[PDB]
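K.L.:
What follows is a structure written as structure tokens; I'll ask about it next.
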Amino acid sequence: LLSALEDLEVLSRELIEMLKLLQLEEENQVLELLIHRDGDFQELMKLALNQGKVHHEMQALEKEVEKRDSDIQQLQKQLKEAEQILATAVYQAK
Amino acid sequence: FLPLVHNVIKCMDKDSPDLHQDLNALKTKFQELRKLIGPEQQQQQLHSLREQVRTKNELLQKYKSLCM
């Protein structure tokens, strides 16, 4: 998002500087380039923070998935045992 | 973007005294920096990721108390 806007602003600034023009177009291009640089820095910081948060969430999700797999295996064993016990009870009840 | 401001300052200071014309070097450096550098969509994605991580942590902590 911010990458494309910063690239377009930098390209416009370079095209304006390739050529005064009333000292207005050059100042506008310089301001656009500065705003694009600030936005790119902010976007890089936000991307680093998002990558850190994504790594933390992935670790938490892996831990939760391991716990869920263990719990599912344990509940499946318990359910098989309970089904066998229920079959034995229905047989012995007569 | 200090490079564009520095290039403009150098071009204005060296308008009449054109001893060292670094206009081409400045333009090439600006183009290379624009090629190498590459909205609030990133901020929204980061907020969504933080909310999802908080929800995942809350869900993981919800299974803390377990006797049998």
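By order of appearance in the structure tokens: chains A, B, ..., then residues from 1 within every chain, and ligands from 1 in the order shown.
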At a cut-off of 8 Å, which residues of chain B touch chain A? Count only C-alpha atoms and give the answer as a PDB file with N, CA, C and O atoms, in the first residue's frame.
P.N.:
```pdb
ATOM      1  N   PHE B   1      12.780  13.104   2.692  1.00  0.00           N
ATOM      2  CA  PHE B   1      13.667  12.877   1.558  1.00  0.00           C
ATOM      3  C   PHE B   1      14.754  13.942   1.490  1.00  0.00           C
ATOM      4  O   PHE B   1      14.658  14.892   0.713  1.00  0.00           O
ATOM      5  N   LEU B   2      15.785  13.780   2.319  1.00  0.00           N
ATOM      6  CA  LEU B   2      16.895  14.723   2.302  1.00  0.00           C
ATOM      7  C   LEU B   2      17.644  14.744   0.974  1.00  0.00           C
ATOM      8  O   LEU B   2      18.276  15.773   0.676  1.00  0.00           O
ATOM      9  N   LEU B   4      16.581  14.886  -2.256  1.00  0.00           N
ATOM     10  CA  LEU B   4      16.047  15.879  -3.184  1.00  0.00           C
ATOM     11  C   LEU B   4      16.337  17.295  -2.704  1.00  0.00           C
ATOM     12  O   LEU B   4      16.691  18.170  -3.504  1.00  0.00           O
ATOM     13  N   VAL B   5      16.199  17.538  -1.399  1.00  0.00           N
ATOM     14  CA  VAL B   5      16.480  18.863  -0.854  1.00  0.00           C
ATOM     15  C   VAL B   5      17.955  19.205  -1.018  1.00  0.00           C
ATOM     16  O   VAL B   5      18.309  20.333  -1.382  1.00  0.00           O
ATOM     17  N   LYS B  27      20.547  12.880  -9.436  1.00  0.00           N
ATOM     18  CA  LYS B  27      19.389  12.283 -10.093  1.00  0.00           C
ATOM     19  C   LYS B  27      19.503  10.764 -10.131  1.00  0.00           C
ATOM     20  O   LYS B  27      18.525  10.048  -9.884  1.00  0.00           O
ATOM     21  N   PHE B  30      18.891   9.416  -6.647  1.00  0.00           N
ATOM     22  CA  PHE B  30      17.472   9.474  -6.314  1.00  0.00           C
ATOM     23  C   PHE B  30      16.697   8.369  -7.018  1.00  0.00           C
ATOM     24  O   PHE B  30      15.840   7.717  -6.409  1.00  0.00           O
ATOM     25  N   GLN B  31      16.990   8.136  -8.301  1.00  0.00           N
ATOM     26  CA  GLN B  31      16.316   7.065  -9.028  1.00  0.00           C
ATOM     27  C   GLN B  31      16.637   5.702  -8.426  1.00  0.00           C
ATOM     28  O   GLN B  31      15.748   4.855  -8.274  1.00  0.00           O
ATOM     29  N   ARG B  34      14.787   5.329  -5.146  1.00  0.00           N
ATOM     30  CA  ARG B  34      13.369   5.088  -5.390  1.00  0.00           C
ATOM     31  C   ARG B  34      13.127   3.661  -5.863  1.00  0.00           C
ATOM     32  O   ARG B  34      12.115   3.045  -5.510  1.00  0.00           O
ATOM     33  N   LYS B  35      14.045   3.120  -6.667  1.00  0.00           N
ATOM     34  CA  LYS B  35      13.891   1.749  -7.143  1.00  0.00           C
ATOM     35  C   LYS B  35      14.138   0.741  -6.025  1.00  0.00           C
ATOM     36  O   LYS B  35      13.494  -0.314  -5.981  1.00  0.00           O
ATOM     37  N   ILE B  37      13.867   1.334  -2.615  1.00  0.00           N
ATOM     38  CA  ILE B  37      12.990   1.471  -1.457  1.00  0.00           C
ATOM     39  C   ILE B  37      11.688   0.712  -1.677  1.00  0.00           C
ATOM     40  O   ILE B  37      11.244  -0.053  -0.812  1.00  0.00           O
ATOM     41  N   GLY B  38      11.056   0.906  -2.831  1.00  0.00           N
ATOM     42  CA  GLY B  38       9.803   0.240  -3.134  1.00  0.00           C
ATOM     43  C   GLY B  38       8.603   0.898  -2.481  1.00  0.00           C
ATOM     44  O   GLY B  38       8.570   1.084  -1.265  1.00  0.00           O
ATOM     45  N   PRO B  39      -0.733   3.437   1.842  1.00  0.00           N
ATOM     46  CA  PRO B  39      -1.934   3.828   2.585  1.00  0.00           C
ATOM     47  C   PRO B  39      -2.000   3.190   3.968  1.00  0.00           C
ATOM     48  O   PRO B  39      -1.039   2.552   4.398  1.00  0.00           O
ATOM     49  N   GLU B  40      -3.130   3.360   4.651  1.00  0.00           N
ATOM     50  CA  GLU B  40      -3.334   2.789   5.976  1.00  0.00           C
ATOM     51  C   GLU B  40      -3.717   1.315   5.933  1.00  0.00           C
ATOM     52  O   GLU B  40      -4.137   0.770   6.960  1.00  0.00           O
ATOM     53  N   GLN B  41      -3.591   0.666   4.772  1.00  0.00           N
ATOM     54  CA  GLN B  41      -3.895  -0.758   4.684  1.00  0.00           C
ATOM     55  C   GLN B  41      -2.950  -1.574   5.556  1.00  0.00           C
ATOM     56  O   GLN B  41      -3.366  -2.549   6.192  1.00  0.00           O
ATOM     57  N   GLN B  42      -1.673  -1.188   5.600  1.00  0.00           N
ATOM     58  CA  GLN B  42      -0.725  -1.874   6.471  1.00  0.00           C
ATOM     59  C   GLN B  42      -1.102  -1.702   7.937  1.00  0.00           C
ATOM     60  O   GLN B  42      -1.003  -2.647   8.727  1.00  0.00           O
ATOM     61  N   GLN B  43      -1.548  -0.502   8.317  1.00  0.00           N
ATOM     62  CA  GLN B  43      -1.967  -0.272   9.695  1.00  0.00           C
ATOM     63  C   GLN B  43      -3.202  -1.096  10.041  1.00  0.00           C
ATOM     64  O   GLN B  43      -3.293  -1.659  11.138  1.00  0.00           O
ATOM     65  N   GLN B  45      -4.079  -3.946   8.624  1.00  0.00           N
ATOM     66  CA  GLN B  45      -3.642  -5.334   8.710  1.00  0.00           C
ATOM     67  C   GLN B  45      -2.932  -5.607  10.028  1.00  0.00           C
ATOM     68  O   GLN B  45      -3.129  -6.663  10.641  1.00  0.00           O
ATOM     69  N   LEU B  46      -2.104  -4.665  10.485  1.00  0.00           N
ATOM     70  CA  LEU B  46      -1.421  -4.837  11.763  1.00  0.00           C
ATOM     71  C   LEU B  46      -2.412  -4.851  12.920  1.00  0.00           C
ATOM     72  O   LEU B  46      -2.264  -5.638  13.860  1.00  0.00           O
ATOM     73  N   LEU B  49      -4.118  -8.208  12.866  1.00  0.00           N
ATOM     74  CA  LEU B  49      -3.218  -9.245  13.359  1.00  0.00           C
ATOM     75  C   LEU B  49      -3.067  -9.172  14.873  1.00  0.00           C
ATOM     76  O   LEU B  49      -3.026 -10.207  15.547  1.00  0.00           O
ATOM     77  N   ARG B  50      -2.989  -7.959  15.426  1.00  0.00           N
ATOM     78  CA  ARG B  50      -2.899  -7.814  16.875  1.00  0.00           C
ATOM     79  C   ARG B  50      -4.168  -8.306  17.558  1.00  0.00           C
ATOM     80  O   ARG B  50      -4.102  -8.985  18.590  1.00  0.00           O
ATOM     81  N   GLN B  52      -6.229 -10.572  16.379  1.00  0.00           N
ATOM     82  CA  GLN B  52      -6.251 -12.025  16.249  1.00  0.00           C
ATOM     83  C   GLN B  52      -5.292 -12.684  17.233  1.00  0.00           C
ATOM     84  O   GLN B  52      -5.610 -13.729  17.811  1.00  0.00           O
ATOM     85  N   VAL B  53      -4.119 -12.085  17.442  1.00  0.00           N
ATOM     86  CA  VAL B  53      -3.163 -12.638  18.396  1.00  0.00           C
ATOM     87  C   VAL B  53      -3.710 -12.541  19.815  1.00  0.00           C
ATOM     88  O   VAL B  53      -3.542 -13.463  20.623  1.00  0.00           O
ATOM     89  N   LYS B  56      -6.294 -15.254  20.165  1.00  0.00           N
ATOM     90  CA  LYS B  56      -5.653 -16.558  20.296  1.00  0.00           C
ATOM     91  C   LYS B  56      -5.061 -16.744  21.686  1.00  0.00           C
ATOM     92  O   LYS B  56      -5.161 -17.830  22.270  1.00  0.00           O
ATOM     93  N   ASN B  57      -4.441 -15.697  22.235  1.00  0.00           N
ATOM     94  CA  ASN B  57      -3.897 -15.786  23.585  1.00  0.00           C
ATOM     95  C   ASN B  57      -5.004 -15.983  24.612  1.00  0.00           C
ATOM     96  O   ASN B  57      -4.857 -16.773  25.552  1.00  0.00           O
ATOM     97  N   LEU B  60      -6.155 -19.565  24.363  1.00  0.00           N
ATOM     98  CA  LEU B  60      -5.184 -20.475  24.960  1.00  0.00           C
ATOM     99  C   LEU B  60      -5.226 -20.404  26.482  1.00  0.00           C
ATOM    100  O   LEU B  60      -5.085 -21.428  27.161  1.00  0.00           O
TER     101      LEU B  60
END
```
K.L.:
At a cut-off of 10 Å, using only C-alpha atoms, what residues contact residue 20 (chain B)? Leave out same-chain residues fewer than 5 positions from it and give the result as a count of residues only.
P.N.:
3
K.L.:
Suppose you want the space between CA of residue 21 (chain B) and CA of residue 6 (chain B); what is it in Å?
P.N.:
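One can read the CA of residue 21 (chain B) to CA of residue 6 (chain B) distance as 13.1 Å.
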K.L.:
In Å to one decimal, how far is CA of residue 8 (chain B) from CA of residue 20 (chain A)?
P.N.:
11.2 Å
